[PDB]
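Residue numbers (the entry's author numbering): 1 to 77.
Comments concern the structure below.
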Ligand code: SF4
Ligand code: SF4
């Protein structure tokens, strides 16, 4: 699954929204949060993010693997 990280934070972004096949893009008020566990491993949202920052959970660096955990955790609650 593909997940947001850090160069995405920025008080009410709107791009990775009405594109996701399975509507698994959720706000953490400031920024969107992808449920990796609902995301069907596509590549649309990244291509849409006008920064290029959404990477595979595996690919996101260990420093930022914290966000993969957070993204997981958000909805596993
Ligand atoms: S488009 Fe990019 S910057 Fe915006 S919320 Fe999504 S991932 Fe974050
Ligand atoms: S990669 Fe696709 S399925 Fe996954 S969150 Fe992004 S748009 Fe949705």
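The C-beta atom is built at its ideal place from N, Cα and C for all residues, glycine as well.
By a C-beta neighbour count over all protein chains shown, 10 Å radius and 16 as the cutoff for buried, is residue i buried or exposed?
i: residue 35; result: buried
i: residue 9; result: exposed
When every heavy atom of ligand 2 is checked, does at least one fall within less than 6 Å of the C-beta of residue i?
i: residue 40; result: yes
i: residue 34; result: yes
i: residue 20; result: yes
i: residue 2; result: yes
i: residue 47; result: no
Rounded to whole angstroms, what's the CA-CA distance from residue i to residue j? Just pull it up for me.
i: residue 41; j: residue 2; result: 6 Å
i: residue 74; j: residue 50; result: 24 Å
i: residue 39; j: residue 26; result: 12 Å
i: residue 56; j: residue 29; result: 22 Å
i: residue 18; j: residue 48; result: 10 Å
i: residue 58; j: residue 71; result: 13 Å
i: residue 31; j: residue 44; result: 17 Å
Under 6 Å: does the beta carbon of residue i sit that close to some heavy atom of ligand 1?
i: residue 24; result: no
* Asked: Is there contact here, the segment 56-65 with the segment 7-14, by at least three beta-carbon pairs under 8 Å?
  -> Too few Cβ pairs lie closer than 8 Å, so no.
* **Segments of 3+ residues assigned as beta strand (DSSP E) that fall wholly inside the segment 20-54** => Restricted to the segment 20-54, the beta strand (DSSP E) segments that are unbroken, complete and at least 3 residues in length are 25-27, 32-34, listed in chain order.
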